[PDB]
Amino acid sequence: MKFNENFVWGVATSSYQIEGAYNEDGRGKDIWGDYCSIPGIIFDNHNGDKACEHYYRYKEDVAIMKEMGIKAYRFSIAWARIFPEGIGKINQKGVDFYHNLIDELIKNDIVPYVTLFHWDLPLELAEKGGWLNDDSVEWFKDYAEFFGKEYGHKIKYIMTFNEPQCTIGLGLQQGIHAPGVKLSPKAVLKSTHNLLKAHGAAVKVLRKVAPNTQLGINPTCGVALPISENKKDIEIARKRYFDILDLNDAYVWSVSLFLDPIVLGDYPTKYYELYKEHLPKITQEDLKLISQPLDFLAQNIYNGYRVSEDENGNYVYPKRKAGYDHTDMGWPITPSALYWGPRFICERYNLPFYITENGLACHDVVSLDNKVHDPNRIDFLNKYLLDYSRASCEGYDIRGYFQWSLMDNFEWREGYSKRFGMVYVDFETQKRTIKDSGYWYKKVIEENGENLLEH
């Protein structure tokens, strides 16, 4: 019994990365399409105008998902495809599209998992300040309210914000993601506060208009890994994993900054002390709105880092061995992150836990045999599921795993130079090719993980 019988095996995509049709059927502009229009921002000036054309080819992608026997599909809704201006007028062809997509999923016995916001903020609301605007809490509530009223009767799982660490940190504090700016701590924490408030308002209104839909959120962070399994070393990694970082660091990359207000009802104590001169207006109704009860907690986990302390109690980060296992991103391959991550999150928050994203980039090619061989992805996934199974076997309330991605897509700043899918996509012909990892993943679902090679 590596995993439980109810375990959920899924793949994950996002709207801007696969859909295409950025300027068709009344879809409004968003921040990433706007971000891409700045020359030199994206690798080779790629954009998401066409992407994988999933908007037009969704039936084929669902047929491919049935071919691999995938029972759950995580995807995101393009806010600008339903509300071209963020608020007000409804774009029916965008409403019809997600109807056609959802119906195709149900028709093929695939359970939809919906992400409301996957970074594609409607450009009209960004030009109104984005998450700096206190009205953004209402913009997202009305967005969530319409989606719950229109689709709640056939969507059982909804998560609000995918990886707010990127939207806030890379987008507004580090200038790495859209809109690409580096704002003040006041702006960043005010933007953080309104995003959390928008999350809670979305949860509260979805309990009213879609009461049979389970709600959650999937943040992300590097997983602090203990140097050994001694209680003294595990506590160092646990403290770092939920720490609040200094203002001169990339302080948005914190687990507790977002999830402690959501699950525990307030920011950590360190937040009020370190950020005292940059604190936003925080009322108790704010914290009450943010801390709505959730049905599940999720997390995108890709890698982790060893962490320790010296004599003075300062964090020490040991080097990685020369030639260490890595991906086409240069990211390290650390399968133990899928154990310590879920373990730390479950112990601190005690909610049903999903892994919403896990995977790696591989320099995949269509070989001479017209197949795509990615055994490195098979090894990466197999090793990560082994440590994830250990957490399930140890009694933690683990519910599922969504492998990023289903198909190669637009990898943001990297464009199409990085391939994360188990399905190969030639971005000219739009020809799909299932990789060896896809057929291997089909057997994993059918065996519920009892085929995972050990050691």
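Residue indices: 1-based, along the sequence shown.
The PDB entry reports B-factors from which the mean C-alpha value can be compared for 76-84 and 209-217; the larger average falls on 209-217.
Higher average CA B factor: 153-161, of the stretches 112-120 and 153-161.
In the PDB entry, the Cα temperature factor peaks, among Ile244, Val188, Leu170, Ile282, at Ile282.
The residue among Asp364, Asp295, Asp134, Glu235 whose C-alpha carries the highest B-factor in the deposited model is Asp134. Per the PDB record, residue ranking by Cα B-factor puts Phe147 in the middle third of the chain. For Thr429, the recorded CA B-factor ranks within the highest third of the chain. Only modelled residues enter the ranking. For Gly415, the recorded CA B-factor ranks within the lowest third of the chain. Only modelled residues enter the ranking. For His177, the recorded CA B-factor ranks within the lowest third of the chain. Only modelled residues enter the ranking. Compared with the other modelled residues of the chain, the Cα B-factor recorded for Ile18 ranks in the middle third.
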